[PDB]
>>> print(open('data-v2.cif').read())   # mmCIF, C-alpha atoms
data_target
#
loop_
_atom_site.label_atom_id
_atom_site.label_comp_id
_atom_site.auth_asym_id
_atom_site.auth_seq_id
_atom_site.Cartn_x
_atom_site.Cartn_y
_atom_site.Cartn_z
CA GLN E 1 14.97 0.51 12.22
CA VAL E 2 13.19 -2.07 10.27
CA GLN E 3 14.63 -2.26 6.84
CA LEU E 4 12.88 -3.61 3.74
CA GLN E 5 14.76 -3.55 0.43
CA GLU E 6 13.53 -4.88 -2.86
CA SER E 7 15.75 -5.97 -5.76
CA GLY E 8 14.30 -7.02 -9.15
CA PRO E 9 15.48 -7.61 -12.74
CA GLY E 10 14.82 -4.11 -14.16
CA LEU E 11 13.88 -4.59 -17.80
CA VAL E 12 12.40 -7.94 -18.80
CA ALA E 13 10.67 -9.27 -21.89
CA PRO E 14 6.95 -10.21 -22.18
CA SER E 15 6.05 -13.83 -21.50
CA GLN E 16 9.12 -14.26 -19.26
CA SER E 17 8.74 -14.84 -15.50
CA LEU E 18 9.54 -12.16 -12.93
CA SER E 19 11.22 -12.80 -9.62
CA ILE E 20 11.44 -10.06 -6.97
CA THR E 21 13.09 -10.35 -3.59
CA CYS E 22 12.29 -8.34 -0.52
CA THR E 23 15.14 -8.57 2.01
CA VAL E 24 14.20 -7.63 5.51
CA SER E 25 16.22 -6.47 8.49
CA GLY E 26 15.46 -5.88 12.16
CA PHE E 27 12.42 -8.06 12.67
CA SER E 28 11.52 -11.69 12.34
CA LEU E 29 9.44 -13.07 9.42
CA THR E 30 7.64 -15.37 11.82
CA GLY E 31 6.03 -12.51 13.68
CA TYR E 32 4.74 -10.25 10.90
CA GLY E 33 3.10 -10.48 7.48
CA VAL E 34 4.72 -9.09 4.36
CA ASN E 35 2.51 -7.54 1.68
CA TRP E 36 3.38 -7.03 -2.04
CA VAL E 37 2.00 -3.88 -3.68
CA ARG E 38 2.63 -2.49 -7.15
CA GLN E 39 2.17 0.92 -8.70
CA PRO E 40 1.92 1.40 -12.50
CA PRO E 41 3.47 4.63 -13.76
CA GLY E 42 1.30 7.60 -12.81
CA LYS E 43 -1.39 5.21 -11.37
CA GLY E 44 -2.45 4.08 -7.85
CA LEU E 45 -1.38 1.26 -5.55
CA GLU E 46 -2.67 -2.19 -6.31
CA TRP E 47 -2.48 -4.96 -3.74
CA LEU E 48 -0.97 -8.22 -4.98
CA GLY E 49 -0.93 -10.46 -1.95
CA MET E 50 0.63 -11.18 1.41
CA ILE E 51 2.41 -13.97 3.24
CA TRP E 52 1.49 -14.32 6.96
CA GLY E 53 3.97 -14.99 9.81
CA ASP E 54 2.77 -18.64 9.69
CA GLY E 55 3.43 -19.09 5.97
CA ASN E 56 -0.17 -18.78 4.83
CA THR E 57 -0.71 -16.67 1.76
CA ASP E 58 -3.56 -14.53 0.42
CA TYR E 59 -3.73 -13.04 -3.05
CA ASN E 60 -5.59 -10.50 -5.13
CA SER E 61 -8.30 -12.71 -6.68
CA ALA E 62 -7.79 -10.98 -10.03
CA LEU E 63 -4.10 -12.04 -10.23
CA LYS E 64 -4.01 -15.26 -8.20
CA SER E 65 -3.25 -17.51 -11.22
CA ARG E 66 -0.16 -15.54 -12.16
CA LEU E 67 1.32 -15.09 -8.65
CA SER E 68 3.34 -17.02 -6.12
CA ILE E 69 4.55 -15.58 -2.85
CA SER E 70 6.97 -17.48 -0.67
CA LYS E 71 9.59 -16.64 1.92
CA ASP E 72 12.76 -18.07 3.49
CA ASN E 73 12.59 -17.34 7.23
CA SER E 74 16.25 -18.33 7.47
CA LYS E 75 17.50 -15.86 4.94
CA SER E 76 14.95 -13.22 5.98
CA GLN E 77 13.73 -12.96 2.42
CA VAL E 78 10.29 -12.71 0.87
CA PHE E 79 9.83 -13.52 -2.82
CA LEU E 80 7.31 -12.51 -5.41
CA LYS E 81 7.08 -14.51 -8.66
CA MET E 82 4.85 -13.62 -11.57
CA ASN E 83 4.34 -15.88 -14.55
CA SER E 84 3.80 -14.70 -18.10
CA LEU E 85 4.38 -11.02 -18.05
CA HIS E 86 2.35 -8.52 -20.02
CA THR E 87 3.56 -4.99 -20.81
CA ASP E 88 0.94 -3.99 -18.31
CA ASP E 89 2.94 -5.60 -15.49
CA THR E 90 5.21 -2.55 -15.81
CA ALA E 91 5.26 -0.95 -12.31
CA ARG E 92 7.22 -0.14 -9.17
CA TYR E 93 6.89 -3.16 -6.89
CA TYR E 94 7.04 -2.76 -3.08
CA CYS E 95 7.14 -5.03 -0.07
CA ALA E 96 5.54 -3.66 3.17
CA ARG E 97 5.43 -4.95 6.70
CA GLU E 98 2.00 -5.64 8.20
CA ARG E 99 1.36 -5.44 11.99
CA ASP E 100 -2.10 -4.96 13.53
CA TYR E 101 -4.05 -3.57 10.61
CA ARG E 102 -1.47 -1.26 9.10
CA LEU E 103 1.53 -1.41 6.75
CA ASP E 104 3.98 0.47 8.94
CA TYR E 105 7.22 -0.02 7.08
CA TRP E 106 7.73 -0.02 3.40
CA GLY E 107 10.64 -0.78 1.07
CA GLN E 108 11.66 1.90 -1.56
CA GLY E 109 10.35 -0.29 -4.36
CA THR E 110 11.91 -1.70 -7.48
CA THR E 111 10.81 -0.72 -10.98
CA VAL E 112 10.09 -3.45 -13.37
CA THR E 113 9.71 -2.58 -17.12
CA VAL E 114 8.18 -5.21 -19.45
CA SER E 115 9.76 -4.45 -22.86
CA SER E 116 10.83 -6.86 -25.67
CA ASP Z 1 -12.45 -8.58 -2.81
CA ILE Z 2 -14.10 -5.26 -1.70
CA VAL Z 3 -13.36 -2.10 -3.67
CA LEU Z 4 -12.67 1.43 -2.54
CA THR Z 5 -13.51 4.60 -4.35
CA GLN Z 6 -11.93 7.88 -3.43
CA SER Z 7 -13.15 11.38 -4.14
CA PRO Z 8 -12.14 13.69 -5.54
CA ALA Z 9 -9.44 12.17 -7.80
CA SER Z 10 -7.59 15.50 -7.60
CA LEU Z 11 -7.96 18.71 -5.65
CA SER Z 12 -6.06 21.97 -5.83
CA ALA Z 13 -5.77 23.97 -2.64
CA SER Z 14 -3.95 26.69 -0.89
CA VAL Z 15 -1.65 26.58 2.11
CA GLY Z 16 -3.89 27.21 5.07
CA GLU Z 17 -7.07 25.72 3.58
CA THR Z 18 -8.93 22.80 5.13
CA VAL Z 19 -9.91 19.88 2.83
CA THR Z 20 -11.75 16.60 3.24
CA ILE Z 21 -11.08 13.49 1.19
CA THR Z 22 -13.47 10.54 1.06
CA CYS Z 23 -13.16 6.82 0.66
CA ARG Z 24 -16.24 4.69 0.01
CA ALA Z 25 -16.24 0.91 0.32
CA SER Z 26 -18.33 -1.33 -1.91
CA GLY Z 27 -19.25 -3.36 1.18
CA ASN Z 28 -18.99 -2.90 4.97
CA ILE Z 29 -15.40 -2.91 6.21
CA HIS Z 30 -16.26 -2.32 9.81
CA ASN Z 31 -13.72 0.43 10.50
CA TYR Z 32 -10.60 -1.51 9.32
CA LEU Z 33 -9.37 1.37 7.27
CA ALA Z 34 -5.93 3.03 6.99
CA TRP Z 35 -4.85 6.17 5.12
CA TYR Z 36 -1.43 6.77 3.56
CA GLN Z 37 0.29 9.79 2.10
CA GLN Z 38 2.78 9.27 -0.77
CA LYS Z 39 5.23 11.82 -2.10
CA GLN Z 40 6.87 11.87 -5.50
CA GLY Z 41 9.52 9.23 -5.75
CA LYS Z 42 8.81 7.99 -2.19
CA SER Z 43 7.03 4.99 -0.80
CA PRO Z 44 3.69 5.45 0.90
CA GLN Z 45 3.72 6.58 4.58
CA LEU Z 46 1.06 5.50 7.09
CA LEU Z 47 -0.94 8.38 8.51
CA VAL Z 48 -4.04 6.85 10.20
CA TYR Z 49 -5.25 3.38 11.02
CA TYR Z 50 -8.43 1.78 12.32
CA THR Z 51 -10.22 4.86 10.98
CA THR Z 52 -9.22 7.40 13.62
CA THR Z 53 -5.85 6.58 15.14
CA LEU Z 54 -2.95 8.72 14.02
CA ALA Z 55 0.42 7.06 13.46
CA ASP Z 56 3.40 8.25 15.53
CA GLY Z 57 4.72 11.64 14.39
CA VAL Z 58 1.72 12.54 12.23
CA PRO Z 59 0.62 16.11 12.99
CA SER Z 60 -2.75 16.59 14.64
CA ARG Z 61 -3.97 18.63 11.68
CA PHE Z 62 -4.93 15.24 10.18
CA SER Z 63 -8.03 13.41 11.39
CA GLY Z 64 -9.98 10.48 10.07
CA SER Z 65 -13.64 9.50 10.60
CA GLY Z 66 -16.25 7.03 9.31
CA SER Z 67 -17.98 3.74 9.75
CA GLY Z 68 -19.67 1.22 7.51
CA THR Z 69 -18.83 2.14 3.89
CA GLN Z 70 -18.06 5.88 4.23
CA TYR Z 71 -14.74 7.19 5.54
CA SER Z 72 -13.13 10.54 5.65
CA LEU Z 73 -9.77 12.18 5.96
CA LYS Z 74 -9.67 15.80 6.96
CA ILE Z 75 -6.69 18.10 6.88
CA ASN Z 76 -6.75 21.36 8.71
CA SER Z 77 -4.68 24.24 7.32
CA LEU Z 78 -2.65 22.53 4.76
CA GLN Z 79 1.07 23.02 5.07
CA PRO Z 80 3.32 22.82 1.95
CA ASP Z 81 4.56 19.44 3.25
CA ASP Z 82 1.01 18.03 2.95
CA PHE Z 83 0.76 17.98 -0.87
CA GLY Z 84 1.05 14.66 -2.60
CA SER Z 85 -1.27 11.68 -3.07
CA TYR Z 86 -3.50 10.02 -0.42
CA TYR Z 87 -4.74 6.44 -0.42
CA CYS Z 88 -7.15 4.54 1.79
CA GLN Z 89 -6.83 0.78 2.32
CA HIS Z 90 -9.06 -1.69 4.14
CA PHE Z 91 -8.11 -4.74 6.21
CA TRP Z 92 -11.47 -6.47 6.14
CA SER Z 93 -11.21 -10.22 5.73
CA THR Z 94 -8.60 -11.57 3.31
CA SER Z 95 -7.78 -8.66 0.99
CA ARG Z 96 -5.99 -5.34 1.47
CA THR Z 97 -7.25 -3.36 -1.49
CA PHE Z 98 -6.46 0.30 -1.89
CA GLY Z 99 -8.65 3.17 -3.11
CA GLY Z 100 -7.60 4.76 -6.46
CA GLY Z 101 -5.98 7.69 -4.68
CA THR Z 102 -6.53 11.39 -4.32
CA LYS Z 103 -3.99 13.84 -5.57
CA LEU Z 104 -3.57 17.01 -3.63
CA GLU Z 105 -1.72 19.86 -5.31
CA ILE Z 106 -0.85 23.37 -4.27
CA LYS Z 107 -2.89 26.09 -5.89
#
>>> encode(input="data-v2.cif", output="structure tokens")
Amino acid sequence: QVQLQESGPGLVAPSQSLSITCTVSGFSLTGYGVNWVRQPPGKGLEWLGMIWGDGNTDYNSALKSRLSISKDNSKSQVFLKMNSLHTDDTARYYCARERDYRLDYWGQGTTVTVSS
Amino acid sequence: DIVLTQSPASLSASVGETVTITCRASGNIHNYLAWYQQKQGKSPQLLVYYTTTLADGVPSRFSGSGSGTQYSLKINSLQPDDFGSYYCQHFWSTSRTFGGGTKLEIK
């Protein structure tokens, strides 16, 4: 029992910034990577980026300029921030644990709707 | 990053049939490939990793194969519990892109 739970703002207006938090339980953020994945309505999974146990980050090259991933090891929280939202940013956003070439535990996701 | 293409995009099948789903990489991923099953309103669930290893609790009716840029997921005798969408994902280098998904629906 690894727990990952995402909480986000729900509905937000275009051009605003988005902040999502992934709160983890049962494991340490220093020993695993946390990935961010989103899923547009009726579409497939799209990888956003990841933060490694050591704090290094990797991002989807297509969205790199709009994304920032950070974490607080202390609070056991991982954050996703996206600048200047488009209606196309509408999706269910998930955090997933990475250990040895697999995402073994996933959060339930939080739906974000970009509407003005 | 590398991209993955899955085929078919959708497939209809009957309980008891055997199906194969494919995932093609735009470049060599050297076997770092995982498969996930996702049900409606649920988060994705890991089925197979490093091409052929089944995750804990996954029935043996599932098997993955491949190398280079061609990977496969085979399901023997589909059970009702097997319908839903399937995604492949690679772990080559510094990206973790996903294939577009394959939807499997009961005939």
>>> closest_residue(input="data-v2.cif", among="Z:58, Z:74, Z:86, Z:1", to="residue 48 in chain E", atoms="all atoms listed in the file")
Z:1
>>> interface_residues(input="data-v2.cif", of="chain Z", to="chain E", cutoff="10 Å", atoms="all atoms listed in the file", output="JSON, numbers by chain")
{"Z": [1, 32, 33, 34, 35, 36, 41, 42, 43, 44, 45, 46, 47, 48, 49, 50, 55, 85, 86, 87, 88, 89, 90, 91, 92, 94, 95, 96, 97, 98, 99, 100, 101, 102]}
>>> residues_around(input="data-v2.cif", residues="residue 115 in chain E", least_positions_apart="4", cutoff="8 Å", atoms="all atoms listed in the file", output="short mmCIF file (atom, residue, chain, number, x, y, z; two decimals) with C-alpha atoms, in the frame of the given file")
data_model
loop_
_atom_site.label_atom_id
_atom_site.label_comp_id
_atom_site.auth_asym_id
_atom_site.auth_seq_id
_atom_site.Cartn_x
_atom_site.Cartn_y
_atom_site.Cartn_z
CA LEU E 11 13.88 -4.59 -17.80
CA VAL E 12 12.40 -7.94 -18.80
CA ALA E 13 10.67 -9.27 -21.89
CA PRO E 14 6.95 -10.21 -22.18
CA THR E 87 3.56 -4.99 -20.81
#
>>> residues_around(input="data-v2.cif", residues="range 30-33 of chain E", least_positions_apart="5", cutoff="6 Å", atoms="only C-alpha atoms", output="ChimeraX atom specification")
/E:51-53,98-99
>>> resolve_selection(input="data-v2.cif", expression="the PyMOL selection byres ((chain Z and resi 66) around 12)", output="JSON, numbers by chain")
{"Z": [21, 22, 23, 24, 25, 28, 29, 30, 31, 32, 33, 34, 49, 50, 51, 52, 53, 63, 64, 65, 67, 68, 69, 70, 71, 72, 73, 74]}
>>> resolve_selection(input="data-v2.cif", expression="the PyMOL selection byres ((chain E and resi 82) around 6)", output="ChimeraX atom specification")
/E:17-18,66-67,81,83
>>> atom_distance(input="data-v2.cif", atom1="CA of residue 78 in chain E", atom2="CA of residue 90 in chain E")
20.2 Å
>>> residues_around(input="data-v2.cif", residues="residue 80 in chain E", least_positions_apart="6", cutoff="8 Å", atoms="only C-alpha atoms", output="list in words")
residues 18, 19, 20, 21, 36, 67, 68, 69 and 70 of chain E
>>> write_last_selection(input="data-v2.cif", atoms="C-alpha atoms", output="PDB file, in the coordinates of the input")
ATOM      1  CA  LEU E  18       9.540 -12.160 -12.930  1.00  0.00           C
ATOM      2  CA  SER E  19      11.220 -12.800  -9.620  1.00  0.00           C
ATOM      3  CA  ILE E  20      11.440 -10.060  -6.970  1.00  0.00           C
ATOM      4  CA  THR E  21      13.090 -10.350  -3.590  1.00  0.00           C
ATOM      5  CA  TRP E  36       3.380  -7.030  -2.040  1.00  0.00           C
ATOM      6  CA  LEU E  67       1.320 -15.090  -8.650  1.00  0.00           C
ATOM      7  CA  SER E  68       3.340 -17.020  -6.120  1.00  0.00           C
ATOM      8  CA  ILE E  69       4.550 -15.580  -2.850  1.00  0.00           C
ATOM      9  CA  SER E  70       6.970 -17.480  -0.670  1.00  0.00           C
TER      10      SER E  70
END
>>> resolve_selection(input="data-v2.cif", expression="the PyMOL selection byres ((chain Z and resi 106) around 7)", output="PDB file with C-alpha atoms, keeping the file's coordinate frame")
ATOM      1  CA  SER Z  12      -6.060  21.970  -5.830  1.00  0.00           C
ATOM      2  CA  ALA Z  13      -5.770  23.970  -2.640  1.00  0.00           C
ATOM      3  CA  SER Z  14      -3.950  26.690  -0.890  1.00  0.00           C
ATOM      4  CA  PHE Z  83       0.760  17.980  -0.870  1.00  0.00           C
ATOM      5  CA  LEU Z 104      -3.570  17.010  -3.630  1.00  0.00           C
ATOM      6  CA  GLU Z 105      -1.720  19.860  -5.310  1.00  0.00           C
ATOM      7  CA  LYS Z 107      -2.890  26.090  -5.890  1.00  0.00           C
TER       8      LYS Z 107
END
>>> atom_distance(input="data-v2.cif", atom1="CA of residue 72 in chain E", atom2="CA of residue 1 in chain E")
20.6 Å
>>> closest_residue(input="data-v2.cif", among="Z:2, Z:8, Z:39, Z:60", to="residue 20 in chain Z", atoms="only C-alpha atoms")
Z:8
>>> atom_distance(input="data-v2.cif", atom1="CA of residue 5 in chain Z", atom2="CA of residue 39 in chain E")
16.7 Å
>>> build_atoms(input="data-v2.cif", residues="range 36-59 of chain E", atoms="N, CA and C atoms", output="mmCIF file, in the coordinates of the input")
data_model
loop_
_atom_site.group_PDB
_atom_site.id
_atom_site.type_symbol
_atom_site.label_atom_id
_atom_site.label_comp_id
_atom_site.auth_asym_id
_atom_site.auth_seq_id
_atom_site.Cartn_x
_atom_site.Cartn_y
_atom_site.Cartn_z
ATOM 1 N N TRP E 36 2.777 -7.423 -0.736
ATOM 2 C CA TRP E 36 3.380 -7.030 -2.040
ATOM 3 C C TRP E 36 2.328 -6.058 -2.643
ATOM 4 N N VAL E 37 2.813 -4.921 -3.104
ATOM 5 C CA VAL E 37 2.000 -3.880 -3.680
ATOM 6 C C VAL E 37 2.647 -3.375 -4.969
ATOM 7 N N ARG E 38 1.891 -3.089 -5.999
ATOM 8 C CA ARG E 38 2.630 -2.490 -7.150
ATOM 9 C C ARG E 38 1.924 -1.204 -7.532
ATOM 10 N N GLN E 39 2.629 -0.362 -8.231
ATOM 11 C CA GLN E 39 2.170 0.920 -8.700
ATOM 12 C C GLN E 39 2.592 1.203 -10.156
ATOM 13 N N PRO E 40 1.642 1.104 -11.072
ATOM 14 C CA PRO E 40 1.920 1.400 -12.500
ATOM 15 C C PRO E 40 2.234 2.876 -12.568
ATOM 16 N N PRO E 41 3.022 3.248 -13.553
ATOM 17 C CA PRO E 41 3.470 4.630 -13.760
ATOM 18 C C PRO E 41 2.294 5.611 -13.774
ATOM 19 N N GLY E 42 2.386 6.619 -12.944
ATOM 20 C CA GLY E 42 1.300 7.600 -12.810
ATOM 21 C C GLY E 42 0.006 7.014 -12.283
ATOM 22 N N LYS E 43 -0.101 5.753 -11.848
ATOM 23 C CA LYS E 43 -1.390 5.210 -11.370
ATOM 24 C C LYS E 43 -1.405 4.987 -9.858
ATOM 25 N N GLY E 44 -2.385 4.261 -9.321
ATOM 26 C CA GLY E 44 -2.450 4.080 -7.850
ATOM 27 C C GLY E 44 -1.846 2.742 -7.466
ATOM 28 N N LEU E 45 -1.838 2.469 -6.177
ATOM 29 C CA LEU E 45 -1.380 1.260 -5.550
ATOM 30 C C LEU E 45 -2.336 0.150 -5.777
ATOM 31 N N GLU E 46 -1.853 -1.022 -6.059
ATOM 32 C CA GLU E 46 -2.670 -2.190 -6.310
ATOM 33 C C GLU E 46 -2.098 -3.277 -5.460
ATOM 34 N N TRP E 47 -2.927 -3.842 -4.628
ATOM 35 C CA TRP E 47 -2.480 -4.960 -3.740
ATOM 36 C C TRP E 47 -2.369 -6.277 -4.519
ATOM 37 N N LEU E 48 -1.233 -6.951 -4.291
ATOM 38 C CA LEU E 48 -0.970 -8.220 -4.980
ATOM 39 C C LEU E 48 -1.242 -9.439 -4.129
ATOM 40 N N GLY E 49 -0.795 -9.330 -2.895
ATOM 41 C CA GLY E 49 -0.930 -10.460 -1.950
ATOM 42 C C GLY E 49 -0.028 -10.216 -0.713
ATOM 43 N N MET E 50 -0.150 -11.233 0.143
ATOM 44 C CA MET E 50 0.630 -11.180 1.410
ATOM 45 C C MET E 50 0.950 -12.616 1.856
ATOM 46 N N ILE E 51 2.023 -12.697 2.648
ATOM 47 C CA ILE E 51 2.410 -13.970 3.240
ATOM 48 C C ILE E 51 2.365 -13.699 4.758
ATOM 49 N N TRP E 52 1.598 -14.523 5.497
ATOM 50 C CA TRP E 52 1.490 -14.320 6.960
ATOM 51 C C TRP E 52 2.696 -14.863 7.718
ATOM 52 N N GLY E 53 2.857 -14.486 8.969
ATOM 53 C CA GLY E 53 3.970 -14.990 9.810
ATOM 54 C C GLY E 53 3.979 -16.518 9.760
ATOM 55 N N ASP E 54 2.805 -17.157 9.689
ATOM 56 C CA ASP E 54 2.770 -18.640 9.690
ATOM 57 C C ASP E 54 2.967 -19.225 8.319
ATOM 58 N N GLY E 55 3.251 -18.468 7.269
ATOM 59 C CA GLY E 55 3.430 -19.090 5.970
ATOM 60 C C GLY E 55 2.183 -19.106 5.128
ATOM 61 N N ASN E 56 1.036 -18.789 5.689
ATOM 62 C CA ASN E 56 -0.170 -18.780 4.830
ATOM 63 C C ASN E 56 -0.095 -17.574 3.892
ATOM 64 N N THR E 57 -0.690 -17.752 2.736
ATOM 65 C CA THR E 57 -0.710 -16.670 1.760
ATOM 66 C C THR E 57 -2.107 -16.291 1.318
ATOM 67 N N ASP E 58 -2.291 -15.032 0.946
ATOM 68 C CA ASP E 58 -3.560 -14.530 0.420
ATOM 69 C C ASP E 58 -3.137 -13.727 -0.823
ATOM 70 N N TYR E 59 -4.008 -13.764 -1.820
ATOM 71 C CA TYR E 59 -3.730 -13.040 -3.050
ATOM 72 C C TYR E 59 -4.919 -12.249 -3.565
#
